[PDB]
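*Asks:* My questions all concern the structure below.
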Amino acid sequence: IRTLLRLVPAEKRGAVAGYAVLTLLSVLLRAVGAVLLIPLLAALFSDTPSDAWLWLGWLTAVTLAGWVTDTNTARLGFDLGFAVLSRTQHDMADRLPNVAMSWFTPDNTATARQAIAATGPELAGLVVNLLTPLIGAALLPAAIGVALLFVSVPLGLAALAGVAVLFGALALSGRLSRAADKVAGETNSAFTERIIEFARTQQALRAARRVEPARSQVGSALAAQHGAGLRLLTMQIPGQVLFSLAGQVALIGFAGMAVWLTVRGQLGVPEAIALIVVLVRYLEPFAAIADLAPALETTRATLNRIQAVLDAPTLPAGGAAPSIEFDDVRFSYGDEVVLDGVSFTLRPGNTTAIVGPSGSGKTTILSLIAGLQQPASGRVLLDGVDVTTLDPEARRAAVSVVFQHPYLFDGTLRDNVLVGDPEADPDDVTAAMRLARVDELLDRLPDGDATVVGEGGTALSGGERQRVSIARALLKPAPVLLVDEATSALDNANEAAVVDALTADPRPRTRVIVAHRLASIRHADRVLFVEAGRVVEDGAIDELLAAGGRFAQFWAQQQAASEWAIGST
Amino acid sequence: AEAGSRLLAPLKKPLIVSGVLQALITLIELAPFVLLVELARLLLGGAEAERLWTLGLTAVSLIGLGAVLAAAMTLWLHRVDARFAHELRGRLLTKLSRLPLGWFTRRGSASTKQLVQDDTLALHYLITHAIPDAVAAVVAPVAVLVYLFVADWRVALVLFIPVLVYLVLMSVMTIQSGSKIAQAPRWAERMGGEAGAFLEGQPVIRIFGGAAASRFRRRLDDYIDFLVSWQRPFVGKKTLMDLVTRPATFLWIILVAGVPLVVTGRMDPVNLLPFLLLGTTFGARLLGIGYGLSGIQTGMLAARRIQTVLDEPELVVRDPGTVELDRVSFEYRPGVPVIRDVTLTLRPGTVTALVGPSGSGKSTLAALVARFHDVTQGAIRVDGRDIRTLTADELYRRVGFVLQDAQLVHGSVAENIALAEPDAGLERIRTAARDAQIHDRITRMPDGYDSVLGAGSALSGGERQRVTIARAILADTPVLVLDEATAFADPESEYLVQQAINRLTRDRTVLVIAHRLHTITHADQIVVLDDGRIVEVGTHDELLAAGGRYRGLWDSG
Ligand SMILES: Nc1ncnc2c1ncn2[C@@H]1O[C@H](COP(=O)(O)OP(=O)(O)OP(O)(O)=S)[C@@H](O)[C@H]1O
Ligand SMILES: Nc1ncnc2c1ncn2[C@@H]1O[C@H](COP(=O)(O)OP(=O)(O)OP(O)(O)=S)[C@@H](O)[C@H]1O
């Protein structure tokens with residue numbers, strides 16, 4: 001795999017060169033240790049075994065050299081494995097904040113989580129557990145085959161061709177094995193896919209009293225599919241049997257060829273036995289590759305994940321209230337379109353209040369305003385400057401956001417609040433906590449503003465989490481304050497905090513609120529009713545109410561809904 | 001431990017026969033490495049070509065027999081595996097139709113997906129691959145050792161030098177690193193959780209930035225340093241242990257122990273050939289036992305999970321809509337009460353609201369009312385009959401429920417609405433949909449009422465909830481457990497769902513699980529729960545006048 005050349009750090013390139021040359025030396029020494037069995041066993045089986053001492057001395061000298069080179073390569077392997085683990089992990093961790101948000105699809109999120117989490121021990125010992133044995137076992141049959149040219153041209157040539165034949169057999173065996181595993185997984189998933197539907201709809205089937213017909217139907221379907229399911233996996237039989245049979249047939253071929261050359265007189269009987277033994281050394285590495293094949297597959301999967309994360313797209317580079325303006329902006333989550341020629345302008349300082357149906361691109365519009373994503377077409381302007389051309393520091397310093405989810409981390413409530421502006425003085429922090437009505441939560445907490453807000457530290461409910469999120473947003477000195485509402489009716493103090501944020505905040509900054517209830521948009525200077533990704537009504541509150549349009553219907557629905565009570569009309 | 005074996009009890013004899021066949025196949029696999037020793041015995045004798053042709057025939061026959069036996073054994077094993085797996089899926093199907101409905105709302109345990117799809121596949125791999133592979137990996141080294149000892153015990157003993165040194169270094173490394181290897185999985189799951197948190201909180205880093213990245217980077221650096229400090233001091237032990245078991249070292253030991261014997265005449269030179277053929281790779285063969293044992297362990301864990309499922313406690317059947325709770329007490333986990341001696345009487349036609357703080361256990365009592373679980377103490381009577389003596393159909397034609405996370409069944413919209421009463425005509429389905437404030441949207445869909453629903457469709461949450469409410473309207477259940485969170489599940493369509501619930505609560509003994517206090521002031525009864533026990537009961541006015549916990553909750557609202 002060629003990705004490893006990029007993964008290894010630049011300061012360890014000399015270690016890579018030393019590892020490569022020492023691995024070639026190790027394979028050469030093992031080949032000489034194996035090919036030295038030809039004269040050694042020729043002398044041992046002869047009528048004067050005393051001649052075997054010299055070749056045994058040479059063999060044990062080669063074995064000592066092999067031990068020295070092998071321990072050197074093992075030391076280099078541990079060093080390089082730890083180094084490449086550190087380099088890959090740090091590069092992956094630094095890359096992700098710069099990765100564009102469009103890349104974070106749930107499958108991509110899963111792959112990145114797997115790459116960060118499960119790649120510690122594997123990449124730690126990758127180069128020692130996999131690369132060195134794999135390279136040794138791959139090159140040693142070729143080394144012995146080439147080295148046997150001098151002993152016998154036809155025998156060496158046949159062994160060298162057998163290298164290619166047996167590697168082809170290994171590749172075919174791997175193909176059939178993984179294909180059979182895929183087929184097995186597919187049939188199991190197909191059989192159980194109806195049990196998942198039976199378990200998912202168990203409440204609906206039980207309550208509707210259809211559990212007995214549904215269960216009988218599922219069982220009959222399983223039986224019917226199993227009746228025809230006895231024809232599967234005809235290609236699993238040559239999965240591993242094919243490779244072992246190929247290896248044993250190659251062994252019999254080499255032994256028979258040695259016997260034939262003995263009959264033809266080109267080789268002596270002792271050297272024929274020695275060649276049988278050496279050509280059994282020749283086939284021995286191929287078993288090691290087959291044993292290492294699953295680990296190679298897992299390593300290939302992990303390296304594919306690391307390559308996918310490392311190749312993710314990157315965002316290009318480039319205190320009064322800005323005027324946020326849209327010019328035919330279009331955006332799409334792949335193929336589905338979320339905006340279509342949306343164009344509007346927000347006056348600086350006027351608290352715009354986006355509203356509309358769900359899945360209409362409200363949160364998407366806020367995200368494009370905040371620069372999390374970019375417009376697939378058109379422009380997103382902040383005071384006439386395109387958002388894409390903003391500097392990264394200016395990109396961070398321009399917009400503050402309250403997300404739908406709170407996005408809190410384990411730690412003190414205070415430290416959560418300061419991330420809006422860690423250099424902020426205590427006065428600004430107190431102002432932010434008051435405007436967010438976090439001081440009421442401080443009475444609840446035992447340790448005050450230093451209380452840990454992690455799940456293991458303190459289990460805060462939705463209202464408290466949203467209040468600290470509002471404090472985070474208010475603390476930061478961003479000239480734009482987006483408030484993507486996720487306000488819960490279980491906490492009226494959250495609604496009061498949002499109203500204070502849109503009203504009590506003294507900083508003169510434009511604000512955009514994506515609201516569900518009428519508690520917040522009462523103080524809206526203008527409204528954008530966004531339906532199906534296109535602004536259908538725009539204007540002031542009272543203007544839209546007088547017009548009797550869609551926003552008037554929405555106002556009537558929400559106002560009537562707030563006065564709802566069960567058991568009376 | 002016995003649970004894992006109990007699932008595979010009927011496959012005792014087939015597994016033993018498969019193991020015997022695999023032992024035979026492995027012994028046949030090593031046959032040519034004995035025929036080669038016989039060939040060396042034969043060539044040195046210089047016998048006729050016939051005595052070598054017969055040996056070639058024997059080798060060809062043995063490899064062919066090995067291939068045929070492997071094919072037949074894997075065919076038979078796959079057939080038996082399919083036969084058993086179909087039975088297992090049939091037995092899991094019935095269990096899912098008799099586990100209590102609360103079992104499916106579990107947490108802290110594997111989902112049904114991993115539990116039926118992945119674990120059954122793991123059992124398939126256990127039966128077909130892991131057991132035969134492990135039997136092979138155990139039979140091969142034992143047979144090789146026996147053959148080498150039969151050849152010449154003097155040279156067979158020196159192969160215990162590298163093997164025993166490998167064992168000694170392995171044991172020293174294991175005991176020296178017991179604490180770290182015990183602690184390693186905790187670090188792994190901690191880093192996995194931290195990586196998930198770092199990926200989840202990406203937008204905050206995008207806008208706010210700050211120390212969010214450094215917090216994860218410190219954890220990553222600590223994990224890398226932990227791995228390095230764990231494995232760095234064991235570089236020497238690991239590399240020496242790797243060197244000792246290599247085939248080249250075995251070959252050198254074999255020759256150094258054999259040439260002195262052969263040259264001195266104490267050993268036949270042919271008797272050394274078994275060691276050079278089979279014994280040199282003995283280290284890799286002994287290293288392979290652990291892989292097979294790991295495979296068996298991985299399969300048996302899945303067997304354990306499935307058997308733990310098949311022995312869950314399934315719902316026992318013992319023996320004008322009024323519901324009586326009589327000294328009810330419930331414990332999800334033993335020794336951890338969640339409901340403690342609650343008494344109630346949902347009078348007929350009275351909307352008995354249920355209210356309390358988060359984590360008070362108010363949803364649990366409604367769950368017991370619908371018999372999502374069985375009350376450990378006391379009894380719950382519906383119409384004067386204990387729910388525990390009511391079969392499922394008789395219970396659920398009396399006590400319906402409209403709870404959170406409404407589920408749709410694969411079929412037409414006229415099937416989802418008419419699941420309770422499929423025989424209801426299309427006009428009855430239409431007027432039920434009108435009552436649920438969903439007839440407007442259904443007619444807007446292209447196929448109309450025949451549109452196929454399922455895992456995913458064109459309807460959002462606030463529309464499938466109204467479809468389920470239409471189903472509950474058409475079921476005509478006198479009692480009705482209700483989760484008030486469905487009102488604001490989709491805040492856009494709150495008004496329509498509220499109209500649907502108002503129509504659903506017409507003349508039914510309803511038990512509203514109230515989260516919002518202001519939607520209860522007209523309730524004929526209110527129950528204040530905390531810590532799993534009833535505190536204050538009465539109407540809105542009486543509870544407020546009492547100056548109790550309800551007044552505090554109302555003021556906080
Ligand atoms: N990560 C995502 N992957 C795929 N589709 C998405 C994703 N996020 C949003 N969508 C879809 O994009 C469309 C627009 O959704 P949003 O941008 O959230 O607009 P929205 O109306 O504010 O959504 P909600 O429900 O009100 S939060 C909808 O069809 C969403 O289902
Ligand atoms: N299966 C369970 N295992 C362990 N604890 C459980 C289980 N089910 C409920 N609990 C406990 O029961 C308490 C909450 O009861 P629930 O009725 O499930 O939730 P809740 O009280 O209704 O929360 P809300 O916000 O009021 S709906 C907590 O202490 C939970 O830990």
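Residue numbering restarts at 1 in every chain; chains get A, B, ... in the order shown in the structure tokens, and ligands count up from 1 in that same order.
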For segment 78-93 of chain B, find every residue with an atom within 10 Å (counting only C-alpha atoms), except residues of its own chain fewer than 4 positions away, and show them as a VMD selection string.
*Replies:* (chain A and resid 188 191 to 192 194 to 196 198 to 199 215 to 216 218 to 220 222 to 223 225 to 227 229 to 233 236) or (chain B and resid 7 to 8 10 to 11 14 to 15 72 to 74 97 to 98 116 to 117 120 to 121 123 to 129 306 to 307 309 to 310)
*Asks:* For the alpha helix (DSSP H) assignment from backbone DSSP, which residues of segment 320-415 of chain A qualify? Please present them as a short mmCIF file (atom, residue, chain, number, x, y, z; two decimals) with N, CA and C atoms, in the first residue's frame.
*Replies:*
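Result file follows (result-v1.cif):
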```cif
data_model
loop_
_atom_site.label_atom_id
_atom_site.label_comp_id
_atom_site.auth_asym_id
_atom_site.auth_seq_id
_atom_site.Cartn_x
_atom_site.Cartn_y
_atom_site.Cartn_z
N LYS A 362 -34.47 26.75 7.09
CA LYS A 362 -34.24 27.82 8.06
C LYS A 362 -32.86 27.69 8.70
N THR A 363 -32.61 26.54 9.34
CA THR A 363 -31.30 26.28 9.91
C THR A 363 -30.22 26.30 8.84
N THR A 364 -30.55 25.88 7.62
CA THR A 364 -29.59 25.97 6.53
C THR A 364 -29.24 27.43 6.24
N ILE A 365 -30.24 28.31 6.21
CA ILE A 365 -29.98 29.72 5.95
C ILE A 365 -29.10 30.31 7.05
N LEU A 366 -29.39 29.97 8.30
CA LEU A 366 -28.55 30.44 9.39
C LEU A 366 -27.12 29.92 9.25
N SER A 367 -26.97 28.66 8.85
CA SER A 367 -25.63 28.10 8.68
C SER A 367 -24.87 28.82 7.57
N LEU A 368 -25.52 29.10 6.44
CA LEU A 368 -24.84 29.84 5.38
C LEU A 368 -24.48 31.24 5.83
N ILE A 369 -25.33 31.86 6.65
CA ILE A 369 -25.00 33.19 7.17
C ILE A 369 -23.78 33.11 8.08
N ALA A 370 -23.67 32.03 8.86
CA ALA A 370 -22.56 31.87 9.79
C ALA A 370 -21.29 31.34 9.14
N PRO A 392 -9.87 33.54 8.07
CA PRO A 392 -10.33 32.62 9.12
C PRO A 392 -10.54 33.28 10.48
N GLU A 393 -9.63 34.17 10.89
CA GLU A 393 -9.83 34.89 12.14
C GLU A 393 -11.04 35.80 12.06
N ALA A 394 -11.20 36.52 10.94
CA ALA A 394 -12.39 37.32 10.75
C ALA A 394 -13.63 36.45 10.59
N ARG A 395 -13.48 35.26 10.02
CA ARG A 395 -14.60 34.34 9.91
C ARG A 395 -15.11 33.94 11.29
N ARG A 396 -14.19 33.68 12.22
CA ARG A 396 -14.60 33.34 13.58
C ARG A 396 -15.14 34.56 14.32
N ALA A 397 -14.53 35.73 14.11
CA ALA A 397 -14.89 36.91 14.89
C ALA A 397 -16.14 37.62 14.39
N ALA A 398 -16.72 37.20 13.26
CA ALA A 398 -17.82 37.94 12.67
C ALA A 398 -19.17 37.51 13.22
N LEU A 413 -19.19 25.00 34.31
CA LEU A 413 -20.12 25.88 33.60
C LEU A 413 -19.42 27.16 33.17
N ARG A 414 -18.56 27.69 34.04
CA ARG A 414 -17.82 28.90 33.71
C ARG A 414 -16.97 28.69 32.47
N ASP A 415 -16.15 27.63 32.46
CA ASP A 415 -15.28 27.38 31.31
C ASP A 415 -16.08 27.16 30.04
#
```
*Asks:* Would you name the residues within 12 Å of ligand 2, counting only C-alpha atoms and all ligand atoms, and put them as a count of residues only?
*Replies:* 60
*Asks:* For residue 554 of chain A, list every protein, DNA or RNA residue within 12 Å, evaluated using only C-alpha atoms, and leave out those in the same chain fewer than 2 positions away; present the list as an MDAnalysis selection string.
*Replies:* (chainID A and resid 355:357 515:518 529:531 537 541 544:545 548:552 556:561) or (chainID B and resid 491:496)
*Asks:* Print the selection's residues with N, CA, C and O atoms to a file, as a compact mmCIF listing (two decimals), in the first residue's frame.
*Replies:*
```txt
# COMPACT_ATOMS: atom_id res chain seq x y z
N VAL A 355 -39.12 32.46 9.95
CA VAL A 355 -40.09 31.45 10.37
C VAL A 355 -40.50 30.66 9.14
O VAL A 355 -40.20 31.03 8.01
N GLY A 356 -41.20 29.56 9.38
CA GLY A 356 -41.75 28.76 8.31
C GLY A 356 -41.87 27.29 8.67
O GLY A 356 -41.59 26.88 9.80
N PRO A 357 -42.31 26.47 7.71
CA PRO A 357 -42.41 25.03 7.97
C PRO A 357 -41.04 24.41 8.22
O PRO A 357 -40.00 25.05 8.11
N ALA A 515 -37.54 30.90 14.70
CA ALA A 515 -38.41 30.71 15.85
C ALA A 515 -39.55 29.76 15.52
O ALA A 515 -39.99 29.65 14.37
N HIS A 516 -40.03 29.07 16.56
CA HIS A 516 -41.22 28.24 16.51
C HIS A 516 -42.42 28.90 17.18
O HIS A 516 -43.51 28.89 16.61
N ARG A 517 -42.23 29.48 18.36
CA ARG A 517 -43.30 30.09 19.14
C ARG A 517 -43.29 31.60 18.96
O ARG A 517 -42.34 32.19 18.45
N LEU A 518 -44.38 32.23 19.41
CA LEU A 518 -44.57 33.66 19.28
C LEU A 518 -44.01 34.46 20.45
O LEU A 518 -44.17 35.68 20.48
N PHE A 529 -40.83 34.53 5.91
CA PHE A 529 -41.55 33.26 5.92
C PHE A 529 -40.97 32.38 4.83
O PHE A 529 -41.26 32.57 3.64
N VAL A 530 -40.15 31.41 5.22
CA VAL A 530 -39.43 30.55 4.29
C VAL A 530 -40.19 29.23 4.21
O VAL A 530 -40.25 28.48 5.19
N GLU A 531 -40.75 28.94 3.03
CA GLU A 531 -41.49 27.71 2.77
C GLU A 531 -40.85 27.01 1.58
O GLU A 531 -40.71 27.61 0.51
N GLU A 537 -43.17 35.14 1.93
CA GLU A 537 -43.71 36.38 2.48
C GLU A 537 -42.62 37.08 3.26
O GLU A 537 -41.90 36.45 4.04
N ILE A 541 -44.15 42.67 11.01
CA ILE A 541 -45.12 41.81 11.69
C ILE A 541 -46.54 42.29 11.40
O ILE A 541 -47.37 41.54 10.87
N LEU A 544 -47.73 41.92 7.70
CA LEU A 544 -48.13 40.57 7.32
C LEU A 544 -49.43 40.16 8.01
O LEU A 544 -50.25 39.45 7.42
N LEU A 545 -49.63 40.59 9.26
CA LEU A 545 -50.88 40.29 9.94
C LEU A 545 -52.06 40.95 9.23
O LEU A 545 -53.11 40.33 9.05
N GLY A 548 -53.23 39.31 5.90
CA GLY A 548 -53.97 38.06 5.97
C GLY A 548 -53.38 36.97 5.11
O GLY A 548 -54.12 36.18 4.51
N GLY A 549 -52.06 36.91 5.03
CA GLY A 549 -51.36 35.92 4.23
C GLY A 549 -51.07 34.66 5.00
O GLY A 549 -51.73 34.32 5.99
N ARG A 550 -50.05 33.93 4.53
CA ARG A 550 -49.66 32.69 5.19
C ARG A 550 -49.15 32.95 6.60
O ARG A 550 -49.42 32.17 7.52
N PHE A 551 -48.40 34.04 6.79
CA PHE A 551 -47.91 34.36 8.13
C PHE A 551 -49.05 34.67 9.08
O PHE A 551 -48.95 34.37 10.28
N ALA A 552 -50.14 35.26 8.59
CA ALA A 552 -51.30 35.47 9.44
C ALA A 552 -51.88 34.14 9.90
O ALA A 552 -52.27 33.99 11.07
N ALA A 556 -52.15 32.81 13.74
CA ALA A 556 -53.39 32.32 14.33
C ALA A 556 -53.21 30.92 14.89
O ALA A 556 -53.67 30.62 16.00
N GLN A 557 -52.52 30.05 14.15
CA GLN A 557 -52.31 28.68 14.61
C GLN A 557 -51.49 28.66 15.89
O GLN A 557 -51.86 27.98 16.86
N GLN A 558 -50.39 29.40 15.93
CA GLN A 558 -49.53 29.36 17.11
C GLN A 558 -50.20 30.01 18.31
O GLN A 558 -50.08 29.52 19.44
N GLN A 559 -50.91 31.12 18.10
CA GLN A 559 -51.59 31.78 19.20
C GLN A 559 -52.70 30.90 19.76
O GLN A 559 -52.88 30.82 20.99
N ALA A 560 -53.46 30.23 18.89
CA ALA A 560 -54.50 29.33 19.37
C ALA A 560 -53.90 28.12 20.08
O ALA A 560 -54.46 27.64 21.07
N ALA A 561 -52.77 27.62 19.58
CA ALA A 561 -52.16 26.43 20.17
C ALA A 561 -51.69 26.68 21.60
O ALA A 561 -51.77 25.78 22.44
N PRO B 491 -43.11 21.09 16.67
CA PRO B 491 -43.76 22.36 17.06
C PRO B 491 -44.43 23.10 15.91
O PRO B 491 -45.30 23.94 16.17
N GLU B 492 -44.05 22.82 14.66
CA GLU B 492 -44.73 23.44 13.53
C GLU B 492 -46.20 23.03 13.49
O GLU B 492 -47.09 23.89 13.39
N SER B 493 -46.47 21.73 13.56
CA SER B 493 -47.81 21.18 13.45
C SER B 493 -48.43 20.91 14.82
O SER B 493 -49.20 19.95 14.98
N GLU B 494 -48.11 21.73 15.81
CA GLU B 494 -48.63 21.52 17.16
C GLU B 494 -50.15 21.65 17.19
O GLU B 494 -50.83 20.87 17.85
N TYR B 495 -50.69 22.63 16.47
CA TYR B 495 -52.13 22.90 16.55
C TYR B 495 -52.95 21.73 16.00
O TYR B 495 -53.97 21.35 16.59
N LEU B 496 -52.53 21.16 14.87
CA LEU B 496 -53.28 20.05 14.29
C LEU B 496 -53.26 18.83 15.20
O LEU B 496 -54.29 18.17 15.40
```
*Asks:* For residue 500 of chain B, list every protein, DNA or RNA residue within 8 Å, evaluated using only C-alpha atoms, and leave out those in the same chain fewer than 5 positions away; present the list as a VMD selection string.
*Replies:* chain B and resid 435 to 437 466 469 to 470
*Asks:* What do you get as JSON, numbers by chain if you pick all residues at most 8 Å from ligand 1, counting only C-alpha atoms and all ligand atoms?
*Replies:* {"A": [104, 105, 106, 332, 333, 336, 337, 338, 356, 357, 358, 359, 360, 361, 362, 363, 364, 365, 404, 514, 533]}
*Asks:* Go ahead and compute the interatomic distance for atom CA of residue 202 of chain B and atom CA of residue 187 of chain B, in Å to one decimal.
*Replies:*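 Atom-to-atom, atom CA of residue 202 of chain B and atom CA of residue 187 of chain B are spaced 22.6 Å apart.
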*Asks:* Distance limit 7 Å, atoms considered: only C-alpha atoms. Which chain B residues sit that close to chain A? Return them as number ranges by chain.
*Replies:* B: 40, 43-44, 67, 71, 74, 90, 93, 96-97, 101, 113, 117, 121, 191-192, 195-196, 201-202, 205-208, 210, 224, 228, 239, 243, 252, 263, 269, 276-277, 351, 393, 396, 400, 407-409, 419-420, 491-492, 494-495, 502, 505, 515-516, 518-520, 522-523, 557
*Asks:* What does the distance from atom CA of residue 46 of chain B to atom CA of residue 47 of chain A come to in Å, to one decimal?
*Replies:*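 It comes out at 15.0 Å.
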*Asks:* What does the distance from atom CA of residue 380 of chain B to atom CA of residue 476 of chain B come to in Å, to one decimal?
*Replies:*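 Computing the Euclidean distance for atom CA of residue 380 of chain B and atom CA of residue 476 of chain B yields 21.0 Å.
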*Asks:* Contacts of residue 549 of chain B at 8 Å or less, counting only C-alpha atoms, minus same-chain residues fewer than 3 places along, as a count of residues only?
*Replies:* 4
